[PDB]
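In the text below, chain A, chain B and the rest are named by the order of the sequence lines, each starting its count at 1.
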Amino acid sequence: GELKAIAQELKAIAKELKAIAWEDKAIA
Amino acid sequence: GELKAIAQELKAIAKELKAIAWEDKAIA
Amino acid sequence: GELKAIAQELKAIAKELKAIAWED
Amino acid sequence: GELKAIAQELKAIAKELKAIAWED
Ligand SMILES: [N+]
Ligand SMILES: [N+]
Ligand SMILES: [N+]
Ligand SMILES: [N+]
């Protein structure tokens, strides 16, 4: 369903934001 | 950090959307 | 950059949630 | 209702992400 699929997208965005945050630390 | 905290918020929103989607099914 | 593109995705999702709120 | 309030949260988060993109 649409809400289930939007929930999966939000969880994926959360993992993508943590990856960015981690890249950013490494480099600084 | 701020991105880590926003990631947690997005994961929490995903669980809240699935709960809404489930409530909605039960009732329909 | 990337964060702006993610922000745009979140805005698009917001619009989708408002639409779901008002369907039958 | 609730979904609208979540949509508003997502928009607020979008603004926070754009701000992070432009800090040092
Ligand atoms: N994404
Ligand atoms: N929330
Ligand atoms: N979406
Ligand atoms: N936030």
Side-chain angles (χ1 to χ4, degrees):
Chain A
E2 185 175 357
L3 285 172
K4 253 219 135 262
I6 292 169
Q8 183 285 134
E9 179 176 11
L10 293 175
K11 288 186 65 169
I13 292 167
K15 291 167 77 197
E16 286 150 13
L17 291 179
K18 289 186 289 188
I20 291 169
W22 185 256
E23 225 102 85
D24 283 356
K25 269 194 78 86
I27 295 156
Chain B
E2 185 175 357
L3 285 172
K4 253 219 135 262
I6 292 169
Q8 183 285 134
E9 179 176 11
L10 293 175
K11 288 186 65 169
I13 292 167
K15 291 167 77 197
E16 286 150 13
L17 291 179
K18 289 186 289 188
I20 291 169
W22 185 256
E23 225 102 85
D24 283 356
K25 269 194 78 86
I27 295 156
Chain C
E2 183 62 10
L3 290 174
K4 173 175 176 188
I6 298 169
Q8 292 172 339
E9 182 178 9
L10 294 178
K11 291 179 70 162
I13 294 168
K15 291 174 188 225
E16 291 172 335
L17 293 184
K18 292 182 178 186
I20 291 168
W22 284 105
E23 29 164 86
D24 299 322
Chain D
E2 183 62 10
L3 290 174
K4 173 175 176 188
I6 298 169
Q8 292 172 339
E9 182 178 9
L10 294 178
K11 291 179 70 162
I13 294 168
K15 291 174 188 225
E16 291 172 335
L17 293 184
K18 292 182 178 186
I20 291 168
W22 285 105
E23 29 164 86
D24 299 322

(request) Could you tell me whether the side chain of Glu16(A) reaches within less than 4.5 Å of the side chain of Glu2(C), counting heavy atoms only? (result) no
(message) Can you confirm whether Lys4(D) sits close enough to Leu17(C) that some side-chain heavy atom of one is under 4.5 Å from a side-chain heavy atom of the other?
(response) no
(message) Return the CD1 to NZ distance between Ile13(D) and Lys11(C), rounded to the nearest 0.5 Å.
(response) 13.5 Å
(request) Report the residues that fulfil side chain to side chain contact (heavy atoms under 4.5 Å, CB included) with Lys15(C), sequence neighbours left out, ordered by chain and then residue number. (result) none
(message) Tell me every residue that passes side chain to side chain contact (heavy atoms under 4.5 Å, CB included) with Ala19(A), counting only those two or more places apart in sequence or in another chain.
(response) none
(message) Quick one, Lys18(D) and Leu3(C) - any side-chain contact, counting heavy atoms below 4.5 Å?
(response) no
